[PDB]
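In C-alpha coordinates, one chain follows: the form deposited in one PDB entry.
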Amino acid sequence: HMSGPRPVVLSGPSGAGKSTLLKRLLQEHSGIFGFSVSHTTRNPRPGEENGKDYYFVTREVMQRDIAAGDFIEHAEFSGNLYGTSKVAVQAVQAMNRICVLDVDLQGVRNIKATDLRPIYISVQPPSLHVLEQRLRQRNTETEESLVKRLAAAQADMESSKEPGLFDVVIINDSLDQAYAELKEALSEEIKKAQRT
(Lines give C-alpha, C1' and ligand atoms only; values in the text may rest on other atoms or scores of the structure.)
Protein backbone atom coordinates (compact mmCIF):
# COMPACT_ATOMS: atom_id res chain seq x y z
CA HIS A 1 0.00 0.00 0.00
CA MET A 2 1.06 3.57 0.79
CA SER A 3 2.60 3.94 4.23
CA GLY A 4 1.73 6.98 6.30
CA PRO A 5 -1.15 8.53 8.22
CA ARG A 6 -4.66 7.64 7.17
CA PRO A 7 -6.47 10.48 5.37
CA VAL A 8 -9.47 12.15 7.00
CA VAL A 9 -12.80 12.57 5.22
CA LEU A 10 -14.67 15.59 6.60
CA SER A 11 -18.34 16.00 5.71
CA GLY A 12 -21.49 17.66 6.98
CA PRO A 13 -23.99 20.39 6.14
CA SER A 14 -22.56 23.72 5.04
CA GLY A 15 -22.67 26.19 7.93
CA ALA A 16 -22.40 23.56 10.68
CA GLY A 17 -18.82 24.49 11.59
CA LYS A 18 -16.56 22.03 9.79
CA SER A 19 -14.50 24.85 8.26
CA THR A 20 -14.03 26.58 11.62
CA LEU A 21 -12.96 23.28 13.19
CA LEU A 22 -10.61 22.52 10.29
CA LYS A 23 -8.94 25.94 10.38
CA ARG A 24 -8.19 25.56 14.09
CA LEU A 25 -6.91 22.02 13.49
CA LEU A 26 -4.48 23.33 10.86
CA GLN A 27 -3.36 26.37 12.88
CA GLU A 28 -2.52 24.13 15.86
CA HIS A 29 -0.78 21.37 13.84
CA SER A 30 1.48 22.88 11.17
CA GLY A 31 3.26 20.30 9.03
CA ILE A 32 0.81 17.57 10.06
CA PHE A 33 -2.02 17.94 7.52
CA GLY A 34 -2.08 18.35 3.77
CA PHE A 35 -4.49 18.82 0.88
CA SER A 36 -4.40 16.80 -2.33
CA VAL A 37 -3.41 18.68 -5.48
CA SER A 38 -6.08 18.45 -8.17
CA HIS A 39 -5.65 17.37 -11.78
CA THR A 40 -6.77 19.65 -14.60
CA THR A 41 -6.49 19.84 -18.37
CA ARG A 42 -6.78 23.62 -18.56
CA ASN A 43 -3.82 25.87 -19.24
CA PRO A 44 -1.74 27.14 -16.30
CA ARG A 45 -2.39 30.69 -15.14
CA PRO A 46 0.16 33.28 -13.95
CA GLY A 47 2.02 32.14 -10.85
CA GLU A 48 0.61 28.60 -10.92
CA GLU A 49 3.07 25.71 -10.62
CA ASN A 50 2.67 22.06 -11.56
CA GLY A 51 2.57 19.75 -8.56
CA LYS A 52 1.58 22.63 -6.25
CA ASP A 53 -1.52 24.32 -7.68
CA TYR A 54 -2.52 21.55 -10.10
CA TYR A 55 -1.19 18.53 -11.93
CA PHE A 56 -1.52 19.71 -15.54
CA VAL A 57 -2.26 16.79 -17.89
CA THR A 58 -3.84 16.12 -21.26
CA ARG A 59 -7.50 15.18 -21.65
CA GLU A 60 -6.47 11.77 -23.00
CA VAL A 61 -4.38 11.01 -19.90
CA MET A 62 -7.00 12.30 -17.47
CA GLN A 63 -9.81 10.35 -19.16
CA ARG A 64 -7.69 7.18 -19.08
CA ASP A 65 -7.22 7.33 -15.31
CA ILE A 66 -10.85 8.32 -14.71
CA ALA A 67 -11.79 5.08 -16.46
CA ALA A 68 -9.15 3.37 -14.32
CA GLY A 69 -11.03 4.57 -11.23
CA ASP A 70 -8.40 6.98 -9.88
CA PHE A 71 -10.66 9.99 -9.42
CA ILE A 72 -12.88 10.23 -6.35
CA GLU A 73 -14.35 13.40 -7.88
CA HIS A 74 -14.20 14.97 -11.32
CA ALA A 75 -16.06 17.57 -13.37
CA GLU A 76 -15.84 19.27 -16.74
CA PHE A 77 -16.81 22.65 -18.16
CA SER A 78 -15.65 24.80 -21.08
CA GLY A 79 -13.76 21.83 -22.50
CA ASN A 80 -11.47 21.45 -19.47
CA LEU A 81 -11.45 18.60 -16.96
CA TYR A 82 -10.93 18.86 -13.20
CA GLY A 83 -10.71 16.20 -10.53
CA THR A 84 -9.11 14.77 -7.41
CA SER A 85 -7.15 11.53 -7.86
CA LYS A 86 -6.60 8.87 -5.22
CA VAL A 87 -2.94 9.00 -6.31
CA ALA A 88 -2.77 12.68 -5.33
CA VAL A 89 -4.24 11.73 -1.94
CA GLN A 90 -1.65 8.97 -1.53
CA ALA A 91 1.06 11.48 -2.48
CA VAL A 92 0.17 13.54 0.60
CA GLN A 93 0.16 10.35 2.69
CA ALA A 94 3.61 9.54 1.28
CA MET A 95 4.89 12.80 2.81
CA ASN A 96 3.74 11.53 6.24
CA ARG A 97 0.85 14.02 6.31
CA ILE A 98 -2.84 13.51 7.06
CA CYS A 99 -4.62 14.29 3.80
CA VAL A 100 -7.82 16.24 4.46
CA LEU A 101 -10.78 15.47 2.17
CA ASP A 102 -13.57 18.01 2.72
CA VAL A 103 -16.40 16.58 0.60
CA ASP A 104 -20.17 16.19 0.48
CA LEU A 105 -22.07 12.91 0.79
CA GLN A 106 -21.49 11.81 -2.81
CA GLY A 107 -17.77 12.31 -2.25
CA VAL A 108 -17.92 10.05 0.81
CA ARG A 109 -19.37 7.16 -1.20
CA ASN A 110 -16.87 7.73 -4.02
CA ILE A 111 -14.02 7.50 -1.51
CA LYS A 112 -15.58 4.37 0.00
CA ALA A 113 -15.12 2.58 -3.34
CA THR A 114 -11.34 3.15 -3.55
CA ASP A 115 -8.36 1.44 -1.95
CA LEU A 116 -8.04 4.47 0.33
CA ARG A 117 -8.64 3.69 4.02
CA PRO A 118 -9.42 7.08 5.58
CA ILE A 119 -11.24 8.04 8.77
CA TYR A 120 -14.77 9.24 8.02
CA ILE A 121 -15.99 12.10 10.22
CA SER A 122 -19.31 13.95 10.04
CA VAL A 123 -19.76 17.39 11.63
CA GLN A 124 -23.44 18.06 12.29
CA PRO A 125 -25.26 21.03 13.84
CA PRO A 126 -27.03 20.42 17.16
CA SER A 127 -30.36 21.22 15.47
CA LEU A 128 -31.79 22.59 12.25
CA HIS A 129 -32.76 25.80 14.04
CA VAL A 130 -29.16 26.38 15.14
CA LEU A 131 -28.07 25.82 11.54
CA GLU A 132 -30.68 28.32 10.34
CA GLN A 133 -29.41 30.86 12.88
CA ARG A 134 -25.90 30.09 11.62
CA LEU A 135 -26.89 30.47 7.97
CA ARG A 136 -28.90 33.66 8.52
CA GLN A 137 -25.90 35.12 10.35
CA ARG A 138 -23.47 34.92 7.42
CA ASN A 139 -25.97 36.72 5.14
CA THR A 140 -25.35 34.56 2.07
CA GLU A 141 -28.81 33.05 1.49
CA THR A 142 -32.03 33.94 -0.22
CA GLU A 143 -35.24 32.59 1.30
CA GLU A 144 -35.23 29.91 -1.41
CA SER A 145 -31.64 28.84 -0.75
CA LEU A 146 -31.96 29.01 3.05
CA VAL A 147 -34.96 26.66 3.10
CA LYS A 148 -33.34 24.41 0.50
CA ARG A 149 -30.21 24.24 2.67
CA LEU A 150 -32.16 23.35 5.81
CA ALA A 151 -34.09 20.63 3.97
CA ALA A 152 -30.88 19.26 2.44
CA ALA A 153 -29.21 19.35 5.86
CA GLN A 154 -32.04 17.24 7.27
CA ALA A 155 -31.29 14.50 4.75
CA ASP A 156 -27.60 14.98 5.53
CA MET A 157 -28.21 14.45 9.25
CA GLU A 158 -30.39 11.41 8.50
CA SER A 159 -27.81 9.80 6.21
CA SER A 160 -25.19 10.33 8.92
CA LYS A 161 -27.00 7.69 11.02
CA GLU A 162 -26.41 5.05 8.34
CA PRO A 163 -24.50 2.15 9.95
CA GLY A 164 -20.79 2.04 9.15
CA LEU A 165 -20.89 5.17 6.98
CA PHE A 166 -19.00 7.42 9.41
CA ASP A 167 -16.45 6.42 12.03
CA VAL A 168 -17.14 9.57 14.09
CA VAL A 169 -20.16 11.88 14.20
CA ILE A 170 -19.42 15.20 15.92
CA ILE A 171 -22.37 17.30 17.10
CA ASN A 172 -21.14 20.91 17.05
CA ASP A 173 -22.99 22.21 20.09
CA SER A 174 -19.92 23.86 21.63
CA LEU A 175 -16.99 24.62 19.33
CA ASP A 176 -14.29 23.96 21.93
CA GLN A 177 -16.22 20.76 22.66
CA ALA A 178 -16.47 19.72 19.00
CA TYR A 179 -12.82 20.57 18.34
CA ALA A 180 -11.60 18.42 21.23
CA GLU A 181 -13.62 15.50 19.85
CA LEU A 182 -12.06 16.08 16.42
CA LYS A 183 -8.52 16.01 17.85
CA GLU A 184 -9.19 12.84 19.85
CA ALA A 185 -10.54 11.04 16.78
CA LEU A 186 -7.35 11.92 14.87
CA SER A 187 -4.92 11.52 17.78
CA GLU A 188 -3.29 8.33 16.52
CA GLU A 189 -2.87 9.60 12.95
CA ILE A 190 -1.50 12.90 14.28
CA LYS A 191 1.06 10.92 16.29
CA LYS A 192 2.08 9.00 13.17
CA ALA A 193 2.45 12.25 11.22
CA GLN A 194 4.64 13.60 14.05
CA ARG A 195 7.16 10.83 13.34
CA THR A 196 10.03 11.73 11.02
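Whichever C-alpha set is largest while still superposing within 1.5 Å between the two forms counts as the rigid core. From 1 onward, residues are counted along the sequence shown.
Just so it is clear, the following notes concern the form deposited in another entry, a form of the same protein that is not shown.
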Original post:
Which one of 165, 26, 147, 169 is the only residue whose C-alpha moves by 2 Å or more between this form and the one not shown, after superposing on the core?
Top reply: 147
Original post:
After superposition on the rigid core, does the Cα atom of residue 83 shift by at least 2 Å between this form and the one not shown?
Top reply: yes
Original post:
Aligning on the rigid core, do we see the C-alpha of residue 92 shift 2 angstroms or more between this form and the one not shown?
Top reply: yes
Original post:
Core-aligned, is the CA shift for residue 66 between this form and the one not shown 2 angstroms or more?
Top reply: yes
Subject >> Outcome for the Cα pair residue 87, residue 112 in that other deposited form, compared with this form (closer or farther; change of 3 Å or more) >> reply: farther
Original post:
With a C-alpha distance change of 3 Å or more, do residue 68 and residue 108 lie closer or farther in that other deposited form?
Top reply: farther
